[PDB]
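Quick setup: one chain, the form deposited in one PDB entry, written in structure tokens, and binding and motion questions come after.
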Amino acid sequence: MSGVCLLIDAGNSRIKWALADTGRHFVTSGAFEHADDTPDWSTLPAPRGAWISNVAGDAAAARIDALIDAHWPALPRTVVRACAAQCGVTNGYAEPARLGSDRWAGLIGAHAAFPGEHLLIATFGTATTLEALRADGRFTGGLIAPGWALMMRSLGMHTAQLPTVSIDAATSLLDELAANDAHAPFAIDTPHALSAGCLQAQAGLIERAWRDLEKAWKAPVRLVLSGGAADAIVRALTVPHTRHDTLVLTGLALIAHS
């Protein structure tokens, strides 16, 4: 019998995956793009099923199915969705099912990773999302903002004079931010005014939300950060933080192995 589960985290920007033998451990993992790209799965040991989080729409769903079937015909699979309660977490959304499935899995991962702690989970992807998670597993609410790269693109696409920086140039500007010292000053050129402005908006959101949460809950809150833009955001942060970049896949592993 196979001891491994295939886990897929399809977001708006890319598709991440892992093969998990327990609720916490991955045998291997990787990522690919939505178009003209396919992962190396012909060397993988056959999984007992797939668990799929997809917030990228029906086209992506059909494409993921096509990839799974092209390797393991009729593999059992589960389309993961947020629900009222699962794996120690209870969903405080007014309509639990409307919470993003990625966010749900991340909550489950974080609950397991940091037992007994109040958390603010910050995940940097297409969007920047925040979730407040009590030590007793109650997800009490959250916030959504555009992510750094989306902010940058929005400015070029919706003003006459600001450049729409390319994917590669945006990556270069983000990497420059990740080389900055603390308390970076303002910029003296347009591309850096954009990069720093969008970064400071990210840092400002996270710090303001974290302080608000500690003050509301009257207890220490662990700020947990995830995602590509975290390296740059950490240079700007002054508040304590923890990095955990596998919360969503861990949550999927916990669901699969439950």
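Residue positions are given as counts along the sequence shown, with the first one as 1. Note that the rigid core is defined as the largest set of C-alphas that superpose within 1.5 Å between two forms.
On average the C-alpha atoms of 31-39 have higher B-factors than those of the other stretch, with 187-195 and 31-39 being the two compared.
Between 205-213 and 40-48, it is 40-48 that carries the larger average Cα temperature factor according to the deposited entry. When the C-alpha B factors of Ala60, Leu223, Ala232, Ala219 are read from the deposited coordinates, the top value falls at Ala60. Taking the PDB entry at face value, the top CA B factor among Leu99, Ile144, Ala84, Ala182 belongs to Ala182. In the PDB entry, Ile108 places in the lowest third of its chain by CA B-factor. Sort the modelled residues of the chain by CA B factor and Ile167 lands in the middle third. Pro73 sits in the highest third of its chain by CA B factor, as recorded in the PDB entry.
Beyond the structure shown, there is the form deposited in another entry, which is absent from this document and is the topic of what follows.
With the rigid core aligned between the shown form and the other one, only one of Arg77, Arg81, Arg134, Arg153 has a CA shift of 2 Å or more: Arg153. With the core held fixed, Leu119 shows a CA shift below 2 Å between the shown form and the other one. After superposition on the rigid core, the Cα of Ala94 moves by less than 2 Å between the shown form and the other one. Once both forms are overlaid on the rigid core, the distance between the two CA positions of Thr38 between the shown form and the other one is under 2 angstroms.
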